[PDB]
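K.L.:
There are 2 protein chains.
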Amino acid sequence: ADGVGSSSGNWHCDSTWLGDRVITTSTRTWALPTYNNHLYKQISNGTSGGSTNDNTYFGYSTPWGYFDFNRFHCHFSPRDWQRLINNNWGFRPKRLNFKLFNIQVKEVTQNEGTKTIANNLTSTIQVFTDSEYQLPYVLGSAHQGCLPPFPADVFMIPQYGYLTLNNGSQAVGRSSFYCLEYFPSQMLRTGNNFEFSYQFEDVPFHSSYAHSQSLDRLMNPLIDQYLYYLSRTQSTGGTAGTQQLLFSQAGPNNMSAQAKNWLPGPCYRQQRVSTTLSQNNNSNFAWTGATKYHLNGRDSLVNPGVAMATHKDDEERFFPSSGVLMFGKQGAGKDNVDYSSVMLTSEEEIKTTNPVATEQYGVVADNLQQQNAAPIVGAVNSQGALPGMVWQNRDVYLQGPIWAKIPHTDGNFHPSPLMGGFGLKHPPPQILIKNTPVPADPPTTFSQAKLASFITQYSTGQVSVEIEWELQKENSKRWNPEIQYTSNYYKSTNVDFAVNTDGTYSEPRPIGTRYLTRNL
Amino acid sequence: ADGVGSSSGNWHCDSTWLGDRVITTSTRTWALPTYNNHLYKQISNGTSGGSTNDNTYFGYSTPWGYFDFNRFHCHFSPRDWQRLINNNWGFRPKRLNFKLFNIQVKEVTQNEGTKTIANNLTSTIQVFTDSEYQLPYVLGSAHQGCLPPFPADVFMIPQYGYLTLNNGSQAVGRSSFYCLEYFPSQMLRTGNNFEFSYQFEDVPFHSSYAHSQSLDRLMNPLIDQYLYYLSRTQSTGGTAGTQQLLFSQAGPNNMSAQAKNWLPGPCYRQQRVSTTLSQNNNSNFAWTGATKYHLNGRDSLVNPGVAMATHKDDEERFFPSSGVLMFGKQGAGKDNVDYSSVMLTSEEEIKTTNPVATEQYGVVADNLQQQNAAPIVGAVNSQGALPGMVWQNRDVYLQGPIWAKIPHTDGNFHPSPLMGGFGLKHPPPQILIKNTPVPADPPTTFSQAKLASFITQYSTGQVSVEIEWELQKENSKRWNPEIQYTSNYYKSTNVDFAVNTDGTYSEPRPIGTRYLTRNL
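Protein chains in written order, with the authors' numbering: chain A, 219 to 738; chain F, 219 to 738.
1. Tell me the rounded alpha-carbon separation between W248/A and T332/A.
2. Let me confirm a value: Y253/A is counted as buried when at least 16 other C-beta atoms fall within 10 Å, else exposed. Which label applies?
3. For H361/A, report the span of its alpha helix (DSSP H) as first-last.
4. Any beta-carbon of chain F closer than 7 angstroms to the one on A583/A?
5. Check whether the region 415-422 of chain F and the region 633-643 of chain F touch, using three or more Cβ-Cβ pairs below 8 angstroms as the test.
6. Using beta carbons (cut-off 7 angstroms, strictly below), is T563/A in contact with chain F?
7. Anyone know if the C-beta pair for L353/F and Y396/F falls short of 7 angstroms?
8. For the ligand GTP, is there a heavy atom less than 6 angstroms away from the beta-carbon of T662/A?
9. Go through its chain and collect everything with a Cβ distance to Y579/F's Cβ below 6 angstroms, but skip five positions before and after it.
10. Which residues in chain A have a C-beta closer than 7 angstroms to the C-beta of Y707/F? List them in chain order.
11. At the level of alpha carbons, what is the spacing between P482/A and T571/A?
12. Using a Cβ cut-off of 8 angstroms, pull out every chain F residue sitting near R696/A, in sequence order please.
13. For the region 543-568 of chain F, which residues have a CB atom closer than 8 angstroms to at least one CB atom of chain A, in sequence order?
14. Would DSSP call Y400/A helix, strand or coil?
15. Give the secondary structure of residue 739/F by DSSP, where H, G and I count as helix, E and B as strand, and everything else as coil.
16. Is the number of C-beta pairs between the region 308-327 of chain F and the region 377-389 of chain F that are closer than 8 angstroms three or more?
17. Compare the beta carbon distance of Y615/A and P728/A with 7 angstroms and say whether it is the shorter of the two.
18. When the Cα atoms are used, what is the spatial distance from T245/F to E350/F?
19. Within the continuous beta strand (DSSP E) that includes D517/F, where are the two ends?
20. Taking the alpha-carbon positions, what's the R310/F to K569/A distance?
21. According to DSSP, simplified to helix, strand and coil, what is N611/A?
22. Using a cut-off of 9 angstroms between C-beta atoms, extract the partners of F715/A located in chain F.
23. If we call anything under 7 angstroms between Cβ atoms a contact, is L250/F one with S682/F?
24. In angstroms with no decimal places, state the Cα-to-Cα distance between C292/A and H632/A.
25. Rounded to whole angstroms, what is the Cα-Cα separation between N304/F and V240/A?
26. Run through chain F and tell me which residues come within less than 7 angstroms of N305/A, C-beta to C-beta.
27. For a contact meaning CB atoms closer than 7 angstroms, what does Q300/A contact in chain F?
28. To the nearest angstrom, how far is the alpha carbon of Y416/F from that of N410/F?
29. Measure from the alpha carbon of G606/A to the alpha carbon of each residue in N479/A, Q702/A, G358/A and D517/A, then state which is nearest.
30. Please state whether DSSP places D714/A in a helix, a strand or coil.
31. Beta carbon of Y447/F, beta carbon of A468/F: below 7 angstroms?
32. Which residue marks the beginning of the beta strand (DSSP E) containing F290/A, and which one marks its end?
33. Would you list the residues sitting across from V542/A in a DSSP beta bridge?
34. Are there 16 or more other CB atoms within 10 angstroms of the CB of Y284/A, so buried, or fewer, so exposed?
35. Between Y708/A and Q300/A, is the Cβ-Cβ spacing less than 7 angstroms?
36. Do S559/A and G546/A have their C-beta atoms closer together than 7 angstroms?
Here it is as structure tokens:
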């Protein structure tokens, strides 16, 4: 039986590779403080201050914290991630299991300048999952506070808050307020533990691979087509330019002119930025020249956007302004940090099926020609979905988000998250946790006012999350060797994906998921 | 039922990866000519000519050919070899299956200057396996004539011959002569096929991995040893050098002085050669300065020799003269070809457990010291096996031999082939094949002389070899990513391990089998 002298659970970290399943499991140590002195608070920012109209919000910050495991490096070691991306075409999550155990609640008190900390054995914490998704779902925005990548780290649990409809800083009539104490929650003392199990809905495998064929090269290089195209509108070789309609079969000589069954994926253009500083314009175009969308009078930057190739062949240095996911190196500031600190992801692999982010989708005619009027062709900067169009989703990264919640709406088009991930209508429920408030001594004469004086308190414990993953094994007749993800062979001051002299775990580079090839 | 109008078998090339087994299977088209005009012939080379005493031999060349599949690239595509070496610690062969089918026998005749070729439907070929190993076993010497690496190539079957005891060019009394027609053999016409199955004896897994620890670093870096060593024989800091015995515990500061349980593998020194030309001596030392062994008055070069590290840290350019396996690039001559054409293999990975090929094993004392006599320490160039000694075998390569036959002898020490491979007491039997001689028209009057006139004839057909391999899966708790074998990411004129514009299949580099790490 449970008690103060027996542990509620054991430490488990593994990856079990069996057949087409891999079961990854993680355990971390967390510390949950008291947020907002146990208060709900209205929070808002209006345009009255230096804030612009785009940055206005209205919402509430709660006392509650929440667990976020939504990043891959929570569930995978760099070596486990290497087994995955080298040997497999696809993977999808199946089920997860989640546990809290070994909970300590501790009171801390100040006397003059000295601090002291003592166990409080009778205190509780409150934990519930929102199984029914009745709360604003705050996961999937790529917020900080996930379990650390490295298992020996102890992390602080992030505070829960949410945003609601606003006009300026003020709230409208449809604005909702949620009291989290109004759900049923389990209360745990130091001998109690918490568990639940969740099963993922059927979701398509993330495709981890690149195409070994571009979309326009699917043809046989040897053979002509029986179809014809319009090769020349004018008389050739004549002393007069008299117009004449001449047709030709497209063939190995002109492939660009052949008939084709499919079209590249949709395009929404990004502004191109060069890593070489001299090539860029001299100005600040970051916000002004940015690609934005306009929703209810507020312009929101489009980030990262629809999945589009970062750059074309033999341009390494150019990247779309908002187009790529950008990760920071260990110990990087939050504000105006130099380029050397960020790690730019790149989509190389989707150049085959997807247009380049920084270039036009194509060119269409602007006019009806006449013998008098010359033909005019305009560029297509943004192109929605057309029939016969194929595309790839953005690639997941070891540092990136696993899933997002598909908004509940009448309709959606290809509901896959633009940060990359698995779109889920019923994602893993978000787990909320709070220290139960313990009052400081009340007065001896009754007063109606609520008690504003509490014992300063925090809790720690252990958390285990276990996800079963389904694998799609690579089966390929390719003769020559694949590209693999490999560590650098040459010597270095310190090992990649390992602690340094000071004990700081760092991740050198973002690791994409597609090294394998398939036929398009 | 079989006949001239039905095929005897089907084309099969696959690698089936299932569980801990991989079954590789290959099929090739072969052409078997008539060797020695259907004659056995004595062959010898004596010292009377320009030949030296080391190059003398006595033996026989037969009419027979033989099939040799003994190289890995027969059974593995470069991609199948990549799955193997990246994902696995070890592998060993289990059983094989072998087939001849779709046999054509063709007669060719000359009329004036024109050639013509026609099927001969009634002719046979003779095939037997030496199951009992009663013949000189000629496989495992790394001779040419193996099935081509690339399945679309048609290869010529090599002629069978063997060597026997000699004195000079002359034969001694123990010299043996073998008539191959004196075994039972199966005779096949164009509708017949041949098959047999062989099962490998239990053999240790080839170890494909490197050690992540050197043999001398197995210690804990944090903690001292309770053992002592002799640190100083002389008085320190004194105005006199009076000798005094001072002892110390070895620790993190001096690791080289700690007590250790094990010793590096055995050493037989090689001469060191630099790829930089200026650094080498100016002379021809290739034969003279070579490391040789002396057997019955003949000096034989030691090649490649006992497994030893090619070079130490931060020397790329040096290699042992005879120490490394040397493969040629596609289309390289057989004689005095330049360095650019050969591909030098290297053992990097065994630096941990094995001494460097070009350096001394260690140093031992040459004398008993006295107050009068100074201590003298000699180098150990060659070192046999000592108790408490550990070593790694040489690495197998995609281009290298799979197995060798362990000589039948009273005793042997660690019977593993020095070219690398699996030492087998009962290796796969060698398959012998010959065109049955068909006489040209005999005279109409009887003559006792054997018939010297035959119909010029050759045969072609298909050959399938199928080997089941047992795998030892890699199970490792290493956090950071492994080194993997990967193809080059950058653009190139033509793909590696693929045909060029002219249709010539080439292999760019030798591919070793050890990219994974284990703890020593």
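Each residue gets a CB set at the ideal place from its N, CA and C atoms; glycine is no exception.
P.N.:
This is what the structure gives:
1. Rounded to whole angstroms, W248/A to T332/A spans 25 angstroms at the Cα level.
2. Flag for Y253/A reads buried.
3. Run containing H361/A: none; DSSP gives neither H nor E here.
4. Contact with chain F is absent for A583/A, since none of that chain's Cβ atoms lies less than 7 angstroms from the residue's Cβ.
5. Taking 8 angstroms as the limit for Cβ pairs, the verdict is that the region 633-643 of chain F does touch the region 415-422 of chain F.
6. No, no contact with chain F.
7. Judged by beta-carbon spacing, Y396/F lies within the 7 angstroms limit of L353/F, meaning their Cβ atoms are closer than that value.
8. In the structure shown, the ligand GTP is absent, as is every other ligand, since no ligand is present at all.
9. Cβ within range, chain order: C485, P573, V598 and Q601.
10. Neighbours of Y707/F on chain A, chain order: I701.
11. Looking at the two C-alpha atoms, the distance is approximately 5 angstroms.
12. Those within 8 angstroms of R696/A in chain F are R297.
13. Going along the region 543-568 of chain F in chain order, one finds no residue with a Cβ nearer than 8 angstroms to chain A.
14. For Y400/A, the three-state secondary structure derived from DSSP is helix.
15. Only positions 219 to 738 of chain F appear in the structure, and residue 739/F is not among them; the question remains open.
16. Pairwise C-beta distances place the region 308-327 of chain F out of contact with the region 377-389 of chain F, as fewer than three of them are shorter than 8 angstroms.
17. Contact: yes.
18. Per the coordinates, the alpha-carbon of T245/F lies some 26 angstroms from the alpha-carbon of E350/F.
19. Where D517/F is concerned, the enclosing beta strand (DSSP E) stretches over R516 to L519.
20. One Cα belongs to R310/F, the other to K569/A, and the distance between them is close to 42 angstroms.
21. Secondary structure of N611/A (DSSP, three-state): coil.
22. Within chain F, the residues whose beta carbon sits less than 9 angstroms from that of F715/A are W697, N698 and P699, listed in sequence order.
23. Contact flag unset, no.
24. Those two C-alpha atoms are separated by around 27 angstroms.
25. Cα to Cα, the separation comes out at about 18 angstroms.
26. What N305/A touches in chain F: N305.
27. In chain order: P699 and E700.
28. Here the C-alpha atom of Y416/F lies approximately 21 angstroms from the C-alpha atom of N410/F.
29. Per the C-alpha coordinates, the member of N479/A, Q702/A, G358/A and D517/A positioned closest to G606/A is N479/A.
30. It is coil, neither helix nor strand.
31. With respect to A468/F, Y447/F sits close: the two C-beta atoms are nearer than 7 angstroms.
32. From DSSP, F290/A is part of no beta strand (DSSP E) but of the alpha helix (DSSP H) over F290 to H293.
33. As far as DSSP is concerned, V542/A takes part in no beta bridge.
34. Buried.
35. Contact: no.
36. Yes, the Cβ-Cβ distance between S559/A and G546/A is below 7 angstroms.
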